[PDB]
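Experimental coordinates follow, after the sequence.
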Protein chains: 4
Amino acid sequence: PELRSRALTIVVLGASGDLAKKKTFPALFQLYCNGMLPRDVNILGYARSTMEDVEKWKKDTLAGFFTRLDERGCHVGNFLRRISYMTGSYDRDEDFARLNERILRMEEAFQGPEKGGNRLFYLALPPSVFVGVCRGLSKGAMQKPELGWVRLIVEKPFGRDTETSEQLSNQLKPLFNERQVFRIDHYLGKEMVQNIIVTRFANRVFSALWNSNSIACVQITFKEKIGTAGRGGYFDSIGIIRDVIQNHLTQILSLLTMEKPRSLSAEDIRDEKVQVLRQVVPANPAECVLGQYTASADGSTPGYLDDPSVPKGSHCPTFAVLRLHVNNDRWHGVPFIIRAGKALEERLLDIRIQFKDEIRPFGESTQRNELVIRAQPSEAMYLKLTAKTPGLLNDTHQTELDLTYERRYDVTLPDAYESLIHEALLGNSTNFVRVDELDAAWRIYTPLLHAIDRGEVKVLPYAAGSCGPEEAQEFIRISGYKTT
Amino acid sequence: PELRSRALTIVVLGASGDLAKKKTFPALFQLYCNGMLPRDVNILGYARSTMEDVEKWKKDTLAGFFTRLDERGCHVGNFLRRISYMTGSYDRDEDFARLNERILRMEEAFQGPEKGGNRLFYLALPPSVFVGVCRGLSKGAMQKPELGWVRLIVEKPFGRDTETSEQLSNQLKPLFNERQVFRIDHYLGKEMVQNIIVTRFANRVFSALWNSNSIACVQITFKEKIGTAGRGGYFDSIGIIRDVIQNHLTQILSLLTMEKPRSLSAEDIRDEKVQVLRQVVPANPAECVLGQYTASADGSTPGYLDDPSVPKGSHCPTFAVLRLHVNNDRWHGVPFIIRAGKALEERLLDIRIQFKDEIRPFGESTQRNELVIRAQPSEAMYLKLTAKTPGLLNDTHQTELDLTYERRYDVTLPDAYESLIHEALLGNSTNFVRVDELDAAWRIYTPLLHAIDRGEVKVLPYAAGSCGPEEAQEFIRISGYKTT
Amino acid sequence: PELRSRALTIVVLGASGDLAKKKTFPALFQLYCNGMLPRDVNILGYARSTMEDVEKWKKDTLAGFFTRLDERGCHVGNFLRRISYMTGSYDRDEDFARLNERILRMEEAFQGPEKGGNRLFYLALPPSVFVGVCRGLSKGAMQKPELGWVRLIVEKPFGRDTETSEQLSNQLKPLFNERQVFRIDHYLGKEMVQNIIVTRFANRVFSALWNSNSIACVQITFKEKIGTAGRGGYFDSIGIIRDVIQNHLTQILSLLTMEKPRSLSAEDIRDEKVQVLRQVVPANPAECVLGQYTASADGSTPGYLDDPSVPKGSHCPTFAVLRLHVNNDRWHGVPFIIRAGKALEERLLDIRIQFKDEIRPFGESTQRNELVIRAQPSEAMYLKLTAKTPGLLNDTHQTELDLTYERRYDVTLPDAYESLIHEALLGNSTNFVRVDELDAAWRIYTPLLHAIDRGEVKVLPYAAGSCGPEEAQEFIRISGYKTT
Amino acid sequence: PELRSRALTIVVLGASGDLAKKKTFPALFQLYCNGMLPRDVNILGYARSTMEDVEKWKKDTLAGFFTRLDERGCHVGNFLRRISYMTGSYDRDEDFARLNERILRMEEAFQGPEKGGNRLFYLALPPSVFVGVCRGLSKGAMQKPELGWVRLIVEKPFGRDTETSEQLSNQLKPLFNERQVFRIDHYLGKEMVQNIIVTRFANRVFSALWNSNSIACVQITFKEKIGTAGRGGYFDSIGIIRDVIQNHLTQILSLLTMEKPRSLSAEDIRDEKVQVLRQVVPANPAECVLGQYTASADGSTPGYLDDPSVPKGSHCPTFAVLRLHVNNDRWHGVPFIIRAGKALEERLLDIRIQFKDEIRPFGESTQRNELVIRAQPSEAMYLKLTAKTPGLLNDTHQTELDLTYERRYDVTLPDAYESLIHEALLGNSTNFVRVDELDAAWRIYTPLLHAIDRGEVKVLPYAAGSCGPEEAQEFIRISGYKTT
Ligand SMILES: NC(=O)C1=CN([C@@H]2O[C@H](COP(=O)(O)OP(=O)(O)OC[C@H]3O[C@@H](n4cnc5c(N)ncnc54)[C@H](OP(=O)(O)O)[C@@H]3O)[C@@H](O)[C@H]2O)C=CC1
Ligand SMILES: NC(=O)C1=CN([C@@H]2O[C@H](COP(=O)(O)OP(=O)(O)OC[C@H]3O[C@@H](n4cnc5c(N)ncnc54)[C@H](OP(=O)(O)O)[C@@H]3O)[C@@H](O)[C@H]2O)C=CC1
Ligand SMILES: O=P(O)(O)OC[C@H]1O[C@@H](O)[C@H](O)[C@@H](O)[C@@H]1O
């Protein structure tokens, strides 16, 4: 587009970090290979670490995390030629002046028709340095609006409750416009999450069914086999609710429950997401079951409390089932089950829309229909229903109408961060967390979170690799999800 | 269960015929192999032809049409041991007395506890001899009710209009109870047709959608590659409407449109089928397109009028598209497109429930959802809907949630006549055409049929192997089915 | 019609009784005056009492209960000329032979073209003599079918539970066809009860709303100021459930809950009433509140237990609130509140269809819509809804769209028995309790009734003239009816 | 509440005019009497006319148009004491400086706690002087924001098509904020129009019915007995579409069709009105019938073309029926009939929501339900439905559930301008035409209007006092409104 006619500089701050090498640079590599970045793009790493050999770091460390190298015919050296590194602090104005000048040098070397350059700052940094970096960038590394735009990609956590998150947003207010800020929730870059809006509002079949008349229960599920060992106890102060429920699953919740937007423009969609989240009744201790994993039966995985970085009397939940209510006319009386756990029997992210029983004329010879959207693994959408048992026997059984992407489509689906970085470069804010959207999410869970920190909510043990605490399943059953 | 405790005699009248060897005996073979008939069942062929060698006829002719011989270790000789043949006329009382005595011999040889025997008479005969055979059987070959039941399986045609069919039913009235008569419409034995009732009324998902609020158009389609050559001009006096639309597709129509029945008992289901058929507005010349096939482009297939058994100025349609209206609150304003043709590009039987457009917010970037039930070939049910194009491109495309039986299920689906004969033996009348059900069907088409015979409806040519006359597609389009 | 061309004899058995003079003869008088009976009709009273002066009894006693004498110009003497009286027993065949002969004499005196005569037997008798009278009539007072019809009007009670009622029906089976029996439930002759079917199924507005998607709760209410004093303790063995709930309010229940009938013919309507009643979950002790009235506060009305004809430890309920569930897809989750009491603050029969809350955007500034059908007093139908407060204040209030019959229509509505007798003469069984309809009703309440007789259900006191026991209101509230 | 704590000055520009004396001052009088204005309010008339005696003008002319004088004991002299008059031009800055100073004098004389004063400018002036007056006020008669607000009440016409109206809005843009501008459409002050939003969204009964599943046709009707004589030909350049359809009836249209708003705040409501108007398909010549009134049959009223101020070959329509389509999922396929005419048989403003037929089981013995909202005369809301004919006859008839305000409520409903002026003083913009709302309305009708001016749409004659041209009724019938 017009992205090609003007210089483009992508600055990865914290380029020496975990996210940078595992997600950011690999996503940028894929975007380069698909012709989604300009050939003459400049990617500038920025961090406090001194690089003795930049070429070696790029070839050995960075390139080690690139995927799909062999299948498609894209040269790695050409992409690495676009990457520079630079050393500097995250607080001193002298270093942000140096950063600006390095960008200027790259912008002047741009050979295209138009002058100046567009600047994308990716903040792959810890929350402790966030505000200082935003102040330095705002003060001394902004392009003037006439010569190009500035966009900020920022990562979670965004505070740890309503109050802390609001303070953080207020510090950003005078530094950047909300247009310029792109808050990542990387689940919004996943294929099947991106398809929710199309599934709901492009299809009469689902439009007509998507309310309390037909829907009995909605379940949103997150499972991982991995534990929280080797983090350095970073998880202990966060917990499973702050880590995935407050952001990833609430984002999914909002997409599943919002009204039809006025258009497909970014703000019309985000307006509806905020609108519905403000109608969610805040979670409370009585309508949740918490869990903290213990050592596995086979002995391989040690317990949460055996991690040397966690205090011995920690309430930190690694597992949680919540029952939420959305108080409006579309959703009244429909229980929303949100569950998320680490150290479980499988890796899973799925959405289950369980419809009401058709009581007659089949009674107990049928069961509830269910729309299942599985985002990972093996992404698929399928509709569970009752049919006649094939053949001469005249009986019933449950079956599916299936769409499994790896069988139907001959394409490799990109990592979430490829979609999102691309959309940030296009200037589309649809799949990024707006300031008021973030506030609405924290208000749902903050009362519960504060209760948990005071030690008022019981946390149940479960062996790593198990399905979680037994009373989680009983809680789900009485909540209205008929498991079958 | 009680079928085993009393003798069972299945008499195939017209056993020397086309239907007998191709459908009847092969179906009985499959039922024997699946343990669905008693091991000591007696199958008695009856016709005017003299059999010089019964064993050879059975081994060479009959066994030639048996399928799945290698798949199971079911012995063919054991089944053929149960078959006898007998010569006799279709009108003389002396021969029906002989038939009775032959049955009596078989019944006496039954070794089980109870006395007498149940008798199933399969009338695989032309319509010319039908009433005479019914009179002979009624008069001189009935079991007394105390010693067993008598059931009559009878084949179409059942008259050629409302009047002729009513006369025929009135002749049967004093001979047999309606409970004893099992009128075949063999499409009701096909897997996907049997599944219609379960699909509609066991599933909230389809229950909620099954009315004029969500449905824009319903299309029922019958196609065959075969022509009507070599029949001896039997088709000329019948036509495509009488041959498949009045029976097969109207049966499907009734299942797709009926209200939810009071229970799953046979008469509760048949009541609903009759109820809805009486609400169908009779077809008329203005809302139909007729066709008669001509010679194929490649030259292999000759035209309908080249068959030496058809008169030269025949109006007989080999192709027809009808638009019907069902006048009730569920279906008001929903056009029903019934189409059926021979000498077309493919063999097909499918049902398409085309839903309304979701107008916003996708507009022309989505299209109508469609539930497709394909009964043959390669039986399947799938739901066409719009989804995001997989990958980085953020676009839409039409896809499916699919259930293809040959991929999902590892079972060979039976021929229609296996299911039906089995259900006749069980005494379940659900999938058999009731006397009033038949009358309701004739009333829909009779006014049109009489108009066609008077030469008042234009019949358009189309080359064999083509898709039919061009104005059939235009008629379908303006009728409200959006083809895409 | 053809009612005029053949003799008509209406025999009122138990003509000396309470029902006869208060309801039967007065209804017949009104029918005569409106030209609904033939001028030459014969009305024959039959009972054991000897009449010293028949003319005086007619002029003084019977005519005393006739209404609307002055407003319309109908002569009383002309009607009384059509009435005869006759003495006889209810068991002796000699007396039913005499009855037959008296009818024959009246039939021969008919001067019209056709011979014979139609006979309507009204059994205004106690249950103790019922079967004996039916046997005598069947044996010795039937018209032959060729010379006219015979119809039996019979009154409740029809047994006192499922078993007793079934025995009674089995005794009637060989005596009369179900076509000939017309079981009275006189609430089906009331204007607003007759209008239920039209209200529901002639109007799209109510058709679309009449299910669990829009309806939150349905309440059916019966109140009387009168007590049960002076009955001679007849009520004590019956109770409020048997007296009005099992029949009157269950009839109303069936009309409010049935599916749309296949046509407006009598059996199509009655089929639907039976169908839905068989889907009602039987009442149980936990979901009811019983009451028995005590002396009024002002002292005028004595308590139920002060009636000298009731035993001192009677459990007999004069008040009852029931919560019923109809288990089907139209009604799942919708509580049905049936309440009925004597010795209450007012006389009332009304039906309240309370719809769900529209939650947004008015919240607590609106309240549940409610359709109210009031059958008595001052029969009316009105729809309670929220509107803007009239004038400059921009607020909300609850108001009504009203149809009060005495204001809108300038007509006097007939007593229930005028409609019903007229419909019995026309041969329309729509508003008469069918044998299977009756059985379905008893099955709903019998388990509860037997529990009450064993003394297992608590009966609460309430002062006559009060609104009933306090915990009845609390039971109603938690059941889901929001009173406002 | 805070309106009392600061000075209030209401300036009526064009106070010598028709609107001022007939609507503006009388409305202000009513607001004074109901305690809705502060007792120490200042009302300042402003116009070019010189007033020889201000007290006489107030007492004789102005007070002549006040109503409800006797009904309350509200003193007229007290209100007139609050009115001043002042002479000045509409273009000279010297006069707007004088105006400012006169306001300042009144503000200083305010005795309450706070300083400054709020200023409401009512522009009761012709469109020719509009922009000049807005410029003068903006330049030299604004209160500074710290000392009070400024609000502008402005009257139609707002241009004569999309282009002219857009230019006008662009001239206002730099002079006033959209928050300060209150564009009058006085139909939004009428009781029954104000109640539309409450009727639709506070009631489950109407919420559930308000879409194409239940609604067959919506008709909005405007009729007047008065003609356009004596106006000086002012109407000729405007026509009925610009005069009432583009504004009054389109406002009603938007309220009847909008989605449920996110809240009851002004901008949430106005957003929905704009949203739906942008989905209305523009009117076109084929889907309209135009009329121009001729002399009445009785001779009293002369024709439109006999008015000496109209050119002889005028196409100006005094009557118009339009069929509009709203292209979204709520309204697809539902025809909207807008009709408006002068010189007709009656004065009427009503809204008719005609529902679909309930086809079974009553067929032609029922008819379409209809919700009727009548704003004038004799304001009422009623629901037309089918019921059993009262009494012994068992037939059907159409009746109503009625709410007639003059019978139900003992209150005199205010003129439209009382509500609106009051809401402007409160700062509630809900019932005022927003800039984008206005643009959306012009886009609906502009293509049609330009066609009419070019002389491409036929204009039919009709006698004054008649019901309009005959082919208007035929157009309505084929459009889908069943008149009965
Ligand atoms: N073939 C098929 O797949 C279908 C068949 N049907 C129906 O099933 C029935 C049987 O069909 P099909 O088997 O094709 O019929 P056929 O023409 O093969 O006749 C069946 C048998 O009946 C006897 N028969 C034939 N013509 C006469 C006659 N004029 N008078 C007396 N007997 C005669 C013959 O036996 P014999 O001379 O030895 O007595 C013959 O073997 C028919 O009613 C047909 O309409 C319906 C749909 C499809
Ligand atoms: N009358 C009604 O009910 C309705 C009115 N309206 C709108 O309200 C506004 C006022 O209407 P209305 O009161 O009938 O208007 P008028 O024609 O009565 O004019 C209003 C006042 O403005 C001044 N004026 C009139 N003509 C001119 C001119 N050519 N140049 C400068 N000043 C002039 C006069 O005062 P002076 O000469 O003393 O300065 C006059 O008293 C208009 O915009 C109209 O479209 C809309 C719908 C209905
Ligand atoms: O679709 P199927 O089961 O092969 O049956 C098709 C045949 O069905 C028969 O009933 C018709 O008479 C034939 O004309 C038709 O070809």
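Alright, I've got the coordinates. Residues are numbered from 1 along each chain as shown, chains lettered A, B, ... in the order given. Ligands and ions are numbered 1, 2, ... in the order given.

Give me every residue in chain A lying close to chain D.
Among all residues of chain A, those adjacent to chain D (criterion: Cβ under 8 Å from any Cβ of the partner chain) are A:207, A:262, A:275, A:329. C-beta: built from backbone N, CA, C; applies to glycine.

If we use 6 Å, what do you get?
Proximity of chain A to chain D (Cβ under 6 Å from any Cβ of the partner chain) is limited to residues A:262, A:275.

domain assignment for chain A?
A:1-184+A:413-433, A:185-412+A:434-484 (curated CATH domains).

what's the closest of those to ligand 3?
domain A:185-412+A:434-484 (16.8 Å; Cβ to the nearest ligand atom).

so of the domains of chain A, which one's packed in deepest?
Per-stretch averages of neighbours, counted by mean count of other Cβ atoms under 10 Å in any protein chain shown, single out domain A:185-412+A:434-484 among the domains of chain A, with a mean of 19.

Just give me how far it sits from the chain centre.
Averaged C-alpha coordinates place domain A:185-412+A:434-484 at 13 Å from its chain's average position (Cα atoms, centre = their mean, to the nearest Å).

cool, stretch A:103-116 as well?
Stretch A:103-116 has its C-alpha centroid displaced from the chain centroid by 34 Å (Cα atoms, centre = their mean).

who touches it?
Counting by Cβ atoms under 6 Å, 6 or more residues apart in numbering or on different chains, stretch A:103-116 makes contact with A:5, A:6, A:7, A:9, A:42, A:117, A:147, A:148, all of which sit outside it.

Against which helices or strands is the strand or helix carrying residue A:478 packed?
Under the criterion of DSSP states H and E, residue A:478 resides in helix A:470-479. When contacts are defined as 3 or more Cβ pairs under 6 Å, 6 or more residues apart in numbering or on different chains; DSSP states H and E, helix A:470-479 packs onto strand A:288-294, strand A:319-324.

and the first one, what other elements does it pack with?
Strand A:288-294 is packed against strand A:319-324, strand A:459-463, helix A:470-479, with contacts defined by 3+ Cβ pairs under 6 Å, 6+ apart.

Contact partners for the residue of the stretch 151-300 of chain A found nearest ligand 2?
Of all residues in the stretch 151-300 of chain A, the one sitting closest to ligand 2 is residue A:262 (32.1 Å; Cβ to the nearest ligand atom). For residue A:262, the residues meeting the contact criterion (Cβ under 6 Å, 6+ apart) are A:268, D:275.

what about it, which SS state?
The three-state label given to residue A:262 by DSSP: H, G, I helix; E, B strand; the rest coil is coil.

State the distance from the residue in the stretch 351-484 of chain A that chain C sits nearest to to residue C:280.
Closest residue of the stretch 351-484 of chain A to chain C, Cβ to the nearest Cβ: residue A:359 (5.1 Å). Residue A:359 sits 14 Å away from residue C:280 when distances are taken as Cβ to Cβ, to the nearest Å.

okay, the domains of chain A in JSON lines with distance to residue B:88 next?
As requested, the domains of chain A are exported to JSON lines (distance: least, Cβ to Cβ, whole Å):
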{"stretch": "domain A:1-184+A:413-433", "distance to residue B:88": "71"}
{"stretch": "domain A:185-412+A:434-484", "distance to residue B:88": "33"}
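
so which of those domains gets nearest ligand 1?
Between the domains of chain A, domain A:185-412+A:434-484 lies closest to ligand 1; by Cβ to the nearest ligand atom that is 20.5 Å.

Next, the residue of the stretch 151-300 of chain A closest to ligand 2: phi, psi?
Note on residue A:262: backbone dihedrals following degrees, to the nearest 10 are phi -70, psi -30.

Make sure residue A:282 is actually in contact with residue A:444.
Yes: Residue A:282 is in contact with residue A:444 according to Cβ atoms under 6 Å; the separation is 5.4 Å.

Let's have the helices and strands packed on strand A:288-294 in a markdown table, adding distance to residue C:183.
Supplementary listing: the helices and strands packed on strand A:288-294 in a markdown table, determined by distance: least, Cβ to Cβ, whole Å:
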| stretch | distance to residue C:183 |
| --- | --- |
| strand A:319-324 | 51 |
| strand A:459-463 | 62 |
| helix A:470-479 | 46 |
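
out of those, which comes closest to residue D:475?
Across the helices and strands packed on strand A:288-294, the minimum distance to residue D:475, taken as Cβ to Cβ, is reached by strand A:319-324, at 52.7 Å.

Quick one: residues in contact with the next helix or strand after the closest one.
Moving toward the C-terminus from strand A:319-324, the next helix or strand (DSSP H and E) is strand A:336-341. Among residues not part of strand A:336-341, those counted as contacts by Cβ under 6 Å, 6+ apart are A:218-223, A:240, A:244-245, A:249, A:319-322, A:324, A:468, A:476, A:479, A:481.

Then stretch A:56-73?
Contacts to stretch A:56-73, defined as Cβ under 6 Å, 6+ apart, come from residues A:21, A:22, A:25, A:26, A:29, A:51, A:76, A:80, A:83.

what's across from the last one in the sheet?
According to DSSP bridges, residue A:43 are recorded as the beta-bridge partners of residue A:83.

Only C-alpha atoms, please: export the longest helix along chain A in CSV.
Longest helix in chain A, counting residues (DSSP state H): helix A:435-454. Taking Å, rounded to 0.1, in the frame of the first residue of the first chain, the C-alpha atoms of helix A:435-454 are listed here in CSV:
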residue,chain,number,x,y,z
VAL,A,435,-8.3,1.3,27.3
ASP,A,436,-12.0,1.1,28.4
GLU,A,437,-12.2,-2.6,27.2
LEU,A,438,-9.3,-3.4,29.6
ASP,A,439,-11.0,-1.5,32.5
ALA,A,440,-14.3,-3.5,32.0
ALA,A,441,-12.3,-6.8,32.2
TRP,A,442,-10.6,-5.9,35.5
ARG,A,443,-13.9,-5.0,37.1
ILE,A,444,-15.2,-8.5,36.5
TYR,A,445,-12.5,-10.2,38.5
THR,A,446,-11.0,-7.7,40.9
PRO,A,447,-13.4,-8.3,43.8
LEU,A,448,-12.6,-12.0,43.6
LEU,A,449,-8.8,-11.5,43.2
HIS,A,450,-8.6,-9.3,46.3
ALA,A,451,-10.6,-11.9,48.3
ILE,A,452,-8.1,-14.6,47.1
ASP,A,453,-5.1,-12.5,48.2
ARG,A,454,-6.6,-12.0,51.7
